[PDB]
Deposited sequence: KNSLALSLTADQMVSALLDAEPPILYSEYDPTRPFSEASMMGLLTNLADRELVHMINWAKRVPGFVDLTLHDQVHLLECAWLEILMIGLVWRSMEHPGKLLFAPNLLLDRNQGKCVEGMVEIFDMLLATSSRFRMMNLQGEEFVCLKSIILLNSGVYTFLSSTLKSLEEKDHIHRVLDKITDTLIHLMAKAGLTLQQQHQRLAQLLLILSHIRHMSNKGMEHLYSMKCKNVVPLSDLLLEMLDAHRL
C-alpha cells in the first residue's frame, strides 16, 4: 500500500513537520536554581516525562511513520527518544550562548552540570552543539527535517523508511535552494547538518549510560514510561 508521505511536495512535507511540532513546555514555577543531583535531575525527569507524551503524538504526525507497524514505531521511538529530547534542547538553547534552555523558566549553565558526577561533560557536548547550530544559522524548517531523520534513522538498522529518508533529504535541499544557496553550498550544508547527527547520537549514548547509573542509584524518581524507554537500551 503506497504511503501518502512520498506523494507530498517539499513545501507540503515542510508544512506537515512544522505543524507537528510539540510545544515548548515549562518547568515548575519555583525560581530556585538547582544546584544538586536531586534538584536538577528532579526537574529534568519531570520535563522529560511530559515531553515524551508530546513526542509520541508528534512522531505519529511525521509523514511515513504512520505507515509503519506498531512494533516498528515502538522500536524507532525507543532507539531515538533521547536524541530527540536532546536535539530539541540544543535547538531551544541556540539563542542562549553558554546556556541550556531546558525550559523558558529553566536555564542551566555548565557550573550547574558540575553538580552531577559525569554531567558537565554532557552539558559541554550539548553547548558545543548549540553553538554549532547557531554559527551555522540553522533554520526552523531545517531543524524539523533533522529531528524527523533521527526518528526514522536511528533504529533502522536494528525500504519504506529509506524512501521516506530520501524524501526528507530532497526537502532539506529544497529548503537550501529556496534560501538561495549555490549547488556546492547545498551539498556542503547537507553534509554539515548530517554529521552533527553523529554527535547527537554520541550524546544520547553517553546520556543513556548516565541515566542507567542514576536509575541504579535510585533516588531520583523515574516514571514507568521513562523506565521502559530506558530499559529498551538494555
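Numbering the deposited sequence from 1, one finds several regions with no C-alpha coordinates, namely 159 to 170, 247.
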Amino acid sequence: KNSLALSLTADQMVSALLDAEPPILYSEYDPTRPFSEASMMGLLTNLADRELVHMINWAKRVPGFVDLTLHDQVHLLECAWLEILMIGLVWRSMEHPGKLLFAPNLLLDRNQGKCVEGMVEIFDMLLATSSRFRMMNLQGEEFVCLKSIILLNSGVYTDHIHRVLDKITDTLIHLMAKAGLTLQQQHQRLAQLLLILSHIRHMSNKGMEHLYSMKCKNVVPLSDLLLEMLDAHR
From here on, numbers count along this sequence of modelled residues.
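The term rigid core refers to the most C-alpha atoms you can superpose between the two forms while keeping them within 1.5 Å.
Rigid core fits of the other structures in 4 other deposited structures of this protein place the C-alpha atoms of one stretch farther away on average; of 36 to 44 and 49 to 57, that stretch is 36 to 44. Root mean square Cα distance to the shown form, taken over structures and residues in 4 other deposited structures of this protein after a core fit, is higher for 117 to 125 when 117 to 125 and 83 to 91 are compared. Compared with other deposited structures of the same protein, residue 220 meets the criterion of being unmodelled in at least one third of those that resolve residues on both sides. Higher mean CA temperature factor, per the PDB entry, when comparing 213 to 221 with 11 to 19: 213 to 221. For the pair 166 to 174 and 23 to 31, the mean B factor over Cα atoms is greater in 23 to 31. Comparing the C-alpha B-factors of 101, 127, 156, 82 in the entry, the top value falls on 156. For the set 73, 111, 93, 148, the PDB entry puts the maximum C-alpha B factor at 111. Split the chain's modelled residues into thirds by C-alpha temperature factor. Residue 63 is in the middle one. For residue 42, the recorded CA temperature factor ranks within the middle third of the chain's modelled residues.
Among the modelled residues of the chain, residue 141 sits in the middle third by CA temperature factor in this PDB entry.
Per the PDB record, residue ranking by Cα B-factor puts residue 69 in the highest third of the chain. When the modelled residues of the chain are ordered by C-alpha B-factor, residue 184 sits in the highest third.
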